[PDB]
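Same chain, two versions here, written out as structure tokens and called structure 1 and structure 2.
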Structure 1
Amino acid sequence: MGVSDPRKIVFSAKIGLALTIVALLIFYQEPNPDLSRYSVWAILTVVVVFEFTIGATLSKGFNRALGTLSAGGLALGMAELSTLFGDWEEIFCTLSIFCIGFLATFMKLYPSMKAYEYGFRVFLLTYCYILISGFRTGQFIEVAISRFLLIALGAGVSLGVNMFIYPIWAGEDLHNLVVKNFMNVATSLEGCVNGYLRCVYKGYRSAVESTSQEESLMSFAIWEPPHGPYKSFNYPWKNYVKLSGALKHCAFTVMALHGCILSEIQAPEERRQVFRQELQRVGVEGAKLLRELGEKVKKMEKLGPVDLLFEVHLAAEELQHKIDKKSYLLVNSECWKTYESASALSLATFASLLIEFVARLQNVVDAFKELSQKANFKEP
């Protein structure tokens, strides 16, 4: 609330500050009777132009400006091509409204068509207003010019109070998310083993749903200038996305491992207490490796001159040896109820899932090496 995210306390304040500034400006002007009654547009612009991050603000401003200008020009021209049709100037002014409304509503229901929705809305609004009002090219331009000088003040105050007072970036957000994802999967892999051997959802149910957010953060960050520890005009951000994509593949195996614990068919504790010492070592080595990788990502450091996938591999090999030398406790070998014979293969399923998780750890290391190459990570 007040400690989970300090940024939420600075953004709001910024907003308030902007509003105050606008008010002060309107108070500094002389007693103009037409500068005080059109002040609801500056307030609307001030509260509608703010965005959390710099890249999102920049993209929204660019798109909105282009769409507003295009729609305004086309809607001003299409209400002047309509006064020369002749005597068909009262069925056309009734068919056009219907067609424009239909097109505007149609363009909004399809997610694919989302960059051109705003322009269409602006065109619909402007065209309908000009026709129903009774205005003429000369009587509408004066109103536009009169009520656009209180829109540009709000737009430039909102744009001045965001890029120079505690700027908030998106690349840092992506970096923090990646770190928290390595740490969530490391914190869940231990809890699944402990939950199986004792007689774990927040880490595998946050990494798998964090693809759309990563894509949006990357899209926002591609609209930002060089700053701080990120010095370049083409900074590799898809190499950060690829690492999370690789980690999600392992998080799926952790998902299956947790789901094993929630089945109707379960094995007895006395049969699962034979592999406790073998499972614990893998469950600790995997988490250690994941935390080491997360920390290296956080500090922006290249991998050392020592192999990092040795201890987990040795632990997996030992587990495989123990399984091979104890397989008689998993299947019924005297026939070479069904529930009794099916409750013993759960251990085999769990061990196979753990081995699959261990084997899926090379792609993460490969992605990290590639990222460190393209981003110029400092030597250890």
Structure 2
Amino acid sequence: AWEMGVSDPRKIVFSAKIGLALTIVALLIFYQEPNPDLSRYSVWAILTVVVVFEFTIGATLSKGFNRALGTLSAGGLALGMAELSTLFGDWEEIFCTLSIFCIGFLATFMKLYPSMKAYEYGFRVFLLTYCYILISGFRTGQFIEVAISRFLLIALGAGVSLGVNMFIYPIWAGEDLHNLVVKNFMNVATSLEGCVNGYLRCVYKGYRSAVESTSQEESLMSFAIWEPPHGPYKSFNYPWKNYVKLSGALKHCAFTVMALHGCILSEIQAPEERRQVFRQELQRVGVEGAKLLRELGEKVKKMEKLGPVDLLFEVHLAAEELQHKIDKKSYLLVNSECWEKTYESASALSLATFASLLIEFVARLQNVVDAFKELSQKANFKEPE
């Protein structure tokens, strides 16, 4: 309630816009001279403002196109089918009912298509429009006449909804993917630091969102291609795919962070004393990785280019130091007496796993800087301050 409103004020603005549109339409309908058909068809303009408003502007311009195509096709097909059914006599009702049967069967079958999963609304609109335009009219000429009135009412409703949506505090879909990309870096860095600290002690939301939020960026990219230039994004063809590429490159490391976190919840764990021998190198590598990830995130937020100095010098050095430390004290991981209990060796061998996973992270942190450079070049960025 109040906590939700204070946390995010965009929802309040959305609700206010919906209320304002509904109030405008209701006032326009009410303050009209009485008409015989002004009380029977005036409810068609208030049911169109509640079925056209969407959060983002791209989600409002991309779904309206489909919904239209569907409505127009269904209306045309229904009119043609009625005109063809008038051909025969004394048997029209049977043809109409068999047309309803075939149409419903085909609509349901095509709506159950794996690939066509997010377009259910279009098929349902098609089916409903066909049924209504045939049953309600029960005639060809009689119906076509009232189509004019019903289209004017539905277009008044859709025009008022579009006007109000695209003019009072618009919410663009291109400014959401950017914030998601920026937040992913911080989440991954926090998860890495938490995992390292938890292991060296006497971490889920970050990588969970980094991995799970893989289908929530494709939708935003699909919505953002319908919007016009607005502010910093000064172009008609903005490379919105490079953001998805960078997000996938970061998810690749997020998988390794997931594995590191899973290491903690294992049933076979090494003794604390052995863990407390590689503390400094592990903590240094963790801090350097987190710092580099946060630096990349901040650079993405401000839309700036990478400077001259390399960013992975300290991570690439801390990895070498950790490797050397593991090499020196590598007799605590594997016993040497039996060379040519099981639980003891199983618990002692987990530190090599942890070190190898950390090294894999540090060896997978370069694809995200290649992706960042590609993005910073495709979408013209500002030179570093």
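Each residue is numbered by where it sits in the sequence of structure 1, with counting from 1. Under this definition, the rigid core comprises the largest set of C-alpha atoms superposing within 1.5 Å between the forms.
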### Sole member of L303, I222, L74, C93 with a C-alpha shift of at least 2 Å between structures 1 and 2 (core-superposed)
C93
### Query
Against the rigid core, is the Cα displacement of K114 between structures 1 and 2 at least 2 Å?
yes
### Task
Return yes or no for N194: a CA shift of at least 2 Å between structures 1 and 2, with the rigid core superposed?
no
### C-alpha of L262 moved at least 2 Å between structures 1 and 2 on rigid core
no
#### Entry: Core-referenced Cα shift (Å), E142, between structures 1 and 2
2.9
### Message
If the core is used for the superposition, what shift in Å does the C-alpha of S133 show between structures 1 and 2?
### Response
5.4
### Query
Rigid core superposed, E30 Cα shift between structures 1 and 2 in Å?
1.1
